[PDB]
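Colleague: An experimental structure, sequence included, is below.
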Amino acid sequence: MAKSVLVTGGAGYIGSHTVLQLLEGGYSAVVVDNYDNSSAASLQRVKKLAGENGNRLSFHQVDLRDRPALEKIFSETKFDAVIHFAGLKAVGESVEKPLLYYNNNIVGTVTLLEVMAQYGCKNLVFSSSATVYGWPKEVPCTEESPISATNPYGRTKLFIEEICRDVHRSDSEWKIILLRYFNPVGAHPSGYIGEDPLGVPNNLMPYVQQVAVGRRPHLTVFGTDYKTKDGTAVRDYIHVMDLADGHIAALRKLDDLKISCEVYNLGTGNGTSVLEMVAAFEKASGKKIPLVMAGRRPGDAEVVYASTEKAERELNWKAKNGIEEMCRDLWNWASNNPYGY
Amino acid sequence: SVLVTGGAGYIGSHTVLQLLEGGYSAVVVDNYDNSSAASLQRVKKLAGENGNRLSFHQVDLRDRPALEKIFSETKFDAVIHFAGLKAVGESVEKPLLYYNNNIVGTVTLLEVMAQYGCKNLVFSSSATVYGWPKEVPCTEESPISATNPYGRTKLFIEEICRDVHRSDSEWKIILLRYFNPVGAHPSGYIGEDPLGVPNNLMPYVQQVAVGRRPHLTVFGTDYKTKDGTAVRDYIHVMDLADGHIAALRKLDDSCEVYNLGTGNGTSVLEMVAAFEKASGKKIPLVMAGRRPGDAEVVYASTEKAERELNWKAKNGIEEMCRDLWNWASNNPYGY
Ligand SMILES: NC(=O)c1ccc[n+]([C@@H]2O[C@H](COP(=O)([O-])OP(=O)(O)OC[C@H]3O[C@@H](n4cnc5c(N)ncnc54)[C@H](O)[C@@H]3O)[C@@H](O)[C@H]2O)c1
Ligand SMILES: NC(=O)c1ccc[n+]([C@@H]2O[C@H](COP(=O)([O-])OP(=O)(O)OC[C@H]3O[C@@H](n4cnc5c(N)ncnc54)[C@H](O)[C@@H]3O)[C@@H](O)[C@H]2O)c1
Ligand SMILES: O=c1ccn([C@@H]2O[C@H](COP(=O)(O)OP(=O)(O)O)[C@@H](O)[C@H]2O)c(=O)[nH]1
Ligand SMILES: O=c1ccn([C@@H]2O[C@H](COP(=O)(O)OP(=O)(O)O)[C@@H](O)[C@H]2O)c(=O)[nH]1
């Protein structure tokens, strides 16, 4: 009855929130994470938040590149599907440390895919990214549109998608959904869990949260010469909880027989600038964010936001939270957990 | 002093020989997936007095401890990275294998290189990174897009190399896009000796010619070419080898790309006929559908290499097939 899901990277931001939705949705979930960018605390708190559904969560501290540890996981539990969140995701770090990114992201993915194939679990939901749209010629960005990458991190997402496409062409038994996330922000509304990266955050809103509570001295704004309304980059910010719910919608979709290797955007379809996000955070928090204005971050797009039509139609899913809610819940988490777990 | 990955293989072996004859020292790592030690035993002997400057070891590039031991024992001035799987058709059926072997091995290799402060690299890329070209000849700056997993591993590895160079300008990297090497050392003492069922055209032909396979299967006869078969840029392997010596010299003044081809297109049937001319043997053919992932017409622009490496291919098809036959007839079961 109760379907069993392995969640790589499940102790991380998106993963932790999604694990909780899995548990509240009736799923059993086994998490695999090496705590490279997270801690044990997140799943401890997910377990509590999940109440009696907490029983259905197991967790192992395993690197996906550890084939023997991973085979062990797959030998002992019959997984209905895998959600693959595990990886490194900081663009800036990626340009500086490309091999770390190729190593962790591609080697960890290939090893997972081989192990899945060996133990007969060929249902995959992959954490892809709007970065694969590169510098879009046209917005909104549709699943049909041209893909490219502009930095090493983005290439790992692009290359993995391509690998999944080849795996599928090679072997018709695979069912794969490539979810292209836009920019998840916010925290579970209880404020008991949220984003807590190790060391220096590379995403905008956790960096802002950390300036707000006093742990970083300023936000650096990467680019004020964009051809946008305020000169800063425009992106599609989605509530992490809506993004989590999208994963429950993806898992239901794997039962469709037509599914072979399919792409869905998970975004809101609305574009918000960097300064609008900062303004919205200042509103929610009552705090000032000191800004240092700098140049473009190498590889950044100007304007990127989602077409939501395909996900609405085929997944029956649409984001329900606006920016104000995103900032409200982020601040609710951070005010009481200024330095994370 | 040069580390040669996949040096027991076809192109590796010939290149290692040229390295030894040109005064270099060579360490070879190979996991003998599509070769044996025997090839290197013969290069050593063929290399004469220079032979004692060759050393070789059974090592998988994915075996990081084994590969570190190698780098810890010798300071390398450069690496030449030939190791990998290379069959377009195999790759379509077995993508994870190709991604596992080609990418995990390369990534591991590059990390160890950096760890041990050897940041000079020549890489075996491929014309398959041009996918199905919309214009020929294929120029280094023409569009890069693969149509199969093998091609993608090559394309991906190029991109990883660029990123590596961008992250750290101490790296000097040359990406050689080989077209279709064929032939053998003109002595006939070394040549292509793949293990397992051959995948490439000419080792499949040579094995049909000596009784080891019953027929050659021709992959596609409805292409938009003179005789209906796919057209490639076949290049003598000794020419290719010499190109790598020139690449090593070029490293001493970047992440640069160079085609190594002849710039002439030859169809599959023309290659068979050239081989029948050289060998006197008749090759039974079975005509079949297109091989998944195959381009139609691929050939090289030779300008950039000529201009920048002072290198041109000098052997023709006729010399490629003679040398091939010379090796085949004297080593019908290879090594
Ligand atoms: N956050 C975003 O804005 C965004 C946008 C698009 C795509 N994504 C993708 O979503 C996924 C999750 O993102 P997140 O925001 O939750 O990041 P995160 O860093 O919180 O989550 C990643 C998790 O993976 C773990 N991990 C990393 N490498 C691992 C390995 N080799 N073995 C095991 N565990 C490993 C980390 O410790 C962490 O818990 C990533 O793949 C990321 O690329 C994120
Ligand atoms: N037409 C062609 O032959 C052609 C064209 C373009 C590019 N290339 C590339 O040139 C290189 C050499 O081609 P070749 O014709 O000499 O092939 P080959 O199979 O004869 O040589 C490859 C060698 O690599 C070794 N090897 C494979 N995986 C290894 C691993 N993980 N660790 C260590 N050694 C490993 C094999 O055992 C073999 O000796 C390859 O990277 C191939 O993709 C070849
Ligand atoms: O410290 C930071 C982090 C991000 N950004 C900008 O905020 C937007 C969102 O960045 P993030 O890295 O979170 O998302 P991405 O678009 O890279 O997935 C982008 O335009 C970044 O240039 C910024 O100005 N400062
Ligand atoms: O048994 C074979 C092997 C190859 N080929 C064709 O001969 C050419 C050379 O292919 P090969 O595998 O040698 O190299 P590739 O061009 O894929 O690098 C291509 O058109 C192949 O389709 C063929 O018809 N039969």
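Modeller: All right, it came through fine. Residues are numbered from 1 along each chain as shown, chains lettered A, B, ... in the order given. Ligands and ions are numbered 1, 2, ... in the order given.
Colleague: alpha carbons only for contacts and neighbour counts from here, please
Modeller: Noted.
Colleague: so how far is stretch A:150-165 from its chain's centroid?
Modeller: Distance, stretch centre to chain centre, for stretch A:150-165: 15 Å (Cα atoms, centre = their mean, to the nearest Å).
Colleague: check whether that stretch contacts ligand 1.
Modeller: No - contact of stretch A:150-165 with ligand 1 is not found when judged by Cα under 6 Å from any ligand atom; the minimum separation is 7.2 Å.
Colleague: now do stretch A:17-35
Modeller: Yes - using Cα under 6 Å from any ligand atom, stretch A:17-35 comes into contact with ligand 1 via A:33-35.
Colleague: number of nearby residues for the closest residue to ligand 4 within the stretch 201-341 of chain A?
Modeller: Residue nearest to ligand 4 within the stretch 201-341 of chain A: residue A:261 (26.0 Å; Cα to the nearest ligand atom). Residue A:261: 21 surrounding residues under other Cα atoms under 10 Å in any protein chain shown.
Colleague: what do you get for residue A:160?
Modeller: Applying other Cα under 10 Å, we find 20 residues neighbouring residue A:160.
Colleague: same check, this time on residue A:52
Modeller: With other Cα under 10 Å as criterion, residue A:52 counts 11.
Colleague: ok, now residue A:65?
Modeller: 18.
Colleague: Would you list the phi and psi of residue A:221?
Modeller: phi -90, psi 120 (degrees, to the nearest 10).
Colleague: and it, what does it touch?
Modeller: Contact analysis of residue A:221 by Cα atoms under 8 Å, 6 or more residues apart in numbering or on different chains lists A:232, A:274, A:291-295.
Colleague: how about 10 Å then?
Modeller: Applying Cα atoms under 10 Å, 6 or more residues apart in numbering or on different chains to residue A:221 gives the contacts A:204, A:232-233, A:274-275, A:291-297.
Colleague: I'd assumed residue A:168 was in contact with the residue of the stretch 201-341 of chain A closest to ligand 4.
Modeller: Yes - if you go by Cα atoms under 10 Å, residue A:261 and residue A:168 touch, sitting 6.5 Å apart.
Colleague: Need the overlap of contacts for the two.
Modeller: Listed as contacting both residue A:261 and residue A:168 by Cα under 10 Å, 6+ apart are A:174-176.
Colleague: can I get the residues you listed in a markdown table with secondary structure?
Modeller: Output for the shared contacts of residue A:261 and residue A:168, formatted as a markdown table (DSSP: H, G, I helix; E, B strand; the rest coil):
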| residue | secondary structure |
| --- | --- |
| A:174 | coil |
| A:175 | strand |
| A:176 | strand |
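Colleague: Can you tell me which of the residues you listed comes closest to residue A:8?
Modeller: Set against residue A:8, the nearest of the shared contacts of residue A:261 and residue A:168 by Cα to Cα is residue A:176 (15.3 Å).
Colleague: what are the bridge partners for that closest one, then?
Modeller: residue A:124, residue A:261 (DSSP bridges).
Colleague: will you turn the residues of stretch A:17-35 next to ligand 1 into TSV that also has secondary structure and neighbour count?
Modeller: As requested, those are exported to TSV (DSSP: H, G, I helix; E, B strand; the rest coil; neighbours: other Cα atoms under 10 Å in any protein chain shown):
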residue	secondary structure	neighbour count
A:33	strand	25
A:34	coil	20
A:35	coil	18
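Colleague: In JSON lines, list these along with distance to residue A:121.
Modeller: Listed next are these as JSON lines, based on distance: Cα to Cα, whole Å:
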{"residue": "A:33", "distance to residue A:121": "19"}
{"residue": "A:34", "distance to residue A:121": "22"}
{"residue": "A:35", "distance to residue A:121": "24"}
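Colleague: any idea how far residue A:144 is from residue A:312?
Modeller: For residue A:144, the distance to residue A:312 equals 15 Å [Cα to Cα, to the nearest Å].
Colleague: Those two - which one has more neighbours?
Modeller: Taking other Cα under 10 Å, residue A:144 and residue A:312 do not tie; residue A:312 has more neighbours (15 against 8).
Colleague: Pull the contacting residues for residue A:58.
Modeller: A:6, A:28-32, A:43, A:47 are the contacts of residue A:58 under Cα under 10 Å, 6+ apart.
Colleague: Which ones among those lie within helices?
Modeller: In helices, defined here by DSSP state H, the members of these are A:43, A:47.
Colleague: And the contacts of residue A:58, which is closest to residue A:69?
Modeller: Scanning these for proximity to residue A:69, where the rule is Cα to Cα, the winner is residue A:32, at 10.1 Å.
Colleague: beta partners of the closest one?
Modeller: The partner residues for residue A:32, given DSSP bridges, come to residue A:8, residue A:60.
Colleague: Is the helix or strand hosting residue A:164 in proximity to ligand 3?
Modeller: Per DSSP states H and E, residue A:164 falls inside helix A:152-170. No - counting by Cα under 6 Å from any ligand atom, ligand 3 has no neighbours in helix A:152-170; the shortest distance is 9.2 Å.
Colleague: ok, and for that helix, which residues are buried?
Modeller: A:152-161, A:163-170 (16 or more other Cα atoms under 10 Å in any protein chain shown).
Colleague: measure stretch A:310-321 end to end?
Modeller: Note: stretch A:310-321 ends 19 Å apart using Cα to Cα.
Colleague: Please enumerate the strands of chain A.
Modeller: In chain A, strands defined by DSSP state E lie at A:4-8, A:28-33, A:57-61, A:81-84, A:123-129, A:175-181, A:183-185, A:219-222, A:234-235, A:237-239, A:261-266, A:272-273, A:291-294, listed in chain order.
Colleague: Mind checking those strands for the one nearest to residue A:110?
Modeller: strand A:81-84 (11.5 Å).
Colleague: Could you list every helix and strand in contact with that closest one?
Modeller: Applying 3 or more Cα pairs under 10 Å, 6 or more residues apart in numbering or on different chains; DSSP states H and E, one finds that strand A:81-84 makes contact with strand A:4-8, helix A:13-24, strand A:28-33, helix A:108-118, strand A:123-129, strand A:175-181, helix A:240-253.
Colleague: again, only this time at 8 Å
Modeller: strand A:4-8, strand A:123-129 (3 or more Cα pairs under 8 Å, 6 or more residues apart in numbering or on different chains; DSSP states H and E).
Colleague: that older thread, what is the nearest of the contacts of residue A:58 to ligand 1?
Modeller: Once Cα to the nearest ligand atom is applied, the member of these that ends up nearest ligand 1 is residue A:32, at 6.0 Å.
Colleague: now what about stretch A:296-311, what contacts it?
Modeller: A:92, A:130, A:134-136, A:139-143, A:150-151, A:182, A:222-224, A:226-228, A:232-236, A:264-271, A:317-318.
Colleague: try stretch A:250-270
Modeller: Residues contacting stretch A:250-270 (Cα under 8 Å, 6+ apart): A:81, A:123, A:125, A:130, A:140, A:142-143, A:164-165, A:168, A:172, A:174-183, A:235-238, A:243, A:246, A:305-308, A:310-311, A:315, A:318-319.
Colleague: For the residues you listed, which PyMOL command selects only the ones that are buried?
Modeller: PyMOL command restricting the contacts of stretch A:250-270 to the buried ones, with burial defined by 16+ other Cα under 10 Å:
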select buried, chain A and resi 81+123+125+130+140+142+143+164+165+168+174+175+176+177+178+179+180+181+182+183+235+236+237+238+243+246+305+306+307+308+310+311+315+318+319
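Colleague: Relative to residue A:254, how far out is the closest residue to ligand 2 within the stretch 201-341 of chain A?
Modeller: At 27.4 Å from ligand 2, residue A:261 is the closest residue in the stretch 201-341 of chain A, using Cα to the nearest ligand atom. Going from residue A:261 to residue A:254 by Cα to Cα gives 10 Å.
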